[PDB]
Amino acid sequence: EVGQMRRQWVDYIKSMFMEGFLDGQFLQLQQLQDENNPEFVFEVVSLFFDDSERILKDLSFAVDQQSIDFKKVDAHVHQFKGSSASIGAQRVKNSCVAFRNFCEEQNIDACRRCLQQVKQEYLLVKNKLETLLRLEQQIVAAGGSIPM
């Protein structure tokens, strides 16, 4: 069933690209991975999950105050924009862009709603990446190669 798993991977990752969850920067990470460093993408995604959860925890606390420190919030969102962009999590990046516009306008409610969306987008791509990475591990353990 390696052949089947490979076809499932193609189809799953294609949905991620078509729906905007991943962009070409995720393919760039793949370019730096090969048989000599076969877990690089996993490692980089893992680092992103650890930093992103810290950022999101600090951000929810910060935005859900009566008066938001927009300067500090904007700097943390900006950091998350960069890190998400760098792994190809384009919908998370775009949510952060939206976020930063509402921070500049100093709109408390829109900041709160936009954080809710950044968090949702982060959890979506985290979950999908875990699924993708789990499938890859299965393919390789079964003796196959990941397509593309």
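Start at 1 and count along the sequence shown; that's the residue number.
A.B. asks: Quick check: 95-103 versus 34-42, which has the larger average CA B-factor in the record?
C.D. replies: Here the higher of the two C-alpha B-factor means belongs to 34-42.
A.B. asks: Look over 14-22 and 122-130 in the entry and identify the one with the greater average Cα temperature factor.
C.D. replies: According to the PDB entry, the answer is 14-22.
A.B. asks: Would you mind checking which of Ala85, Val63, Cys114, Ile55 has the top Cα temperature factor in the PDB entry?
C.D. replies: Comparing C-alpha B-factors across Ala85, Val63, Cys114, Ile55, the maximum falls on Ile55.
A.B. asks: With respect to the C-alpha temperature factors reported in the PDB entry, which of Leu59, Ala89, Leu27, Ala110 ranks highest?
C.D. replies: Comparing C-alpha B-factors across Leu59, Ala89, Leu27, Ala110, the top value belongs to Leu27.
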